[PDB]
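For reference, the structure is listed below as structure tokens.
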Amino acid sequence: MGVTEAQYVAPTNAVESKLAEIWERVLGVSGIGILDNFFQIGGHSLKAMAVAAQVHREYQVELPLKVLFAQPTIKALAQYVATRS
Numbered sequence: 002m003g004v005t006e007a008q009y010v011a012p013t014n015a016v017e018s019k020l021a022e023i024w025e026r027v028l029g030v031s032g033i034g035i036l037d038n039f040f041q042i043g044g045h046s047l048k049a050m051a052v053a054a055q056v057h058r059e060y061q062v063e064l065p066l067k068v069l070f071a072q073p074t075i076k077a078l079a080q081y082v083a084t085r086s
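Residue numbers 2 to 86, in our numbering, belong to the letters of the sequence shown in order.
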């Protein structure tokens with residue numbers, strides 16, 4: 002019924018914590034959870050492009066919107082990038 006940030010916040014490794022940091026900063030300096038807000042992190046604007054750039058260079062799987070909405074949580078994001086890579 003509202004709320005943008007402070008979802009839970011229980012990280013794990015570098016990718017987990019660092020991307021949670023990157024997300025909470027880039028999304029608008031606030032502080033989100035691992036589960037994210039499962040909506041806004043995808044972002045139906047420049048967000049998809051900016052995230053795609055990161056998903057290229059840092060994730061190496063380079064899939065805009067798909068990893069953003071189908072994996073709208075750093076838990077699933079980490080398992081996609083720091084597992085099979």
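Ideal Cβ positions, reconstructed from N, Cα and C, are used throughout, including at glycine.
Our two residues, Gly34 and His57, have alpha carbons roughly 23 angstroms apart in a direct line.
Annotated three-state conformation of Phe39 is coil, per DSSP. In the structure shown, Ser46 falls within a coil segment according to DSSP collapsed to helix, strand and coil. Within 10 angstroms of the beta-carbon of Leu47 lie fewer than 16 other beta-carbons, which makes it exposed.
Here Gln61 carries a coil assignment [DSSP, helix/strand/coil].
Boundaries for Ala83: no alpha helix (DSSP H) harbours it, and the DSSP string shows neither H nor E there. If you draw a straight line from the Cα of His45 to the Cα of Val10, it comes to about 24 angstroms.
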